[PDB]
């Protein structure tokens, strides 16, 4: 998976750098994309060296799930700064994807990003939004 990435271009969830998960799989999506799934509560997924430049204050992800779930966005490590939490309610099926966004605290410079999952969700991709 790439050693570094730009916060303001699509990041593919399946191109993660490390995970604690023993269940996570790379899955297909309806339009022959890929994502991650078979995620459980407590699972973390790390993406290395994301460059936020002069700042990001939002997070958007394209996700599918049948259960209300939440995803913490942390900087640097699983115990690093909580940037925000994305609350995801059911999208209607494991294959019905929805872009869902949340606010985060302004982050600048280069940081690993850790997604922390409270339960099952399929994730295709994500991207950050620049501060104003």
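Positions refer to the first chain, counted from 1.
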Between the two ranges 63-71 and 76-84, the one averaging a larger CA B factor in the entry = 63-71
task = Select lowest, middle or highest to describe the third in which the CA B-factor of residue 47 falls within its chain in this entry.
result = lowest
ask   = Is the Cα B-factor recorded for residue 57 in the lowest, middle or highest third of its chain?
value = lowest
task = Looking at the entry's B-factor column for C-alpha atoms only, identify whether residue 105 ranks in the lowest, middle or highest third of its chain.
result = lowest
remark   = Quick tally, chain-level thirds of C-alpha B-factors: residue 24 sits in the highest
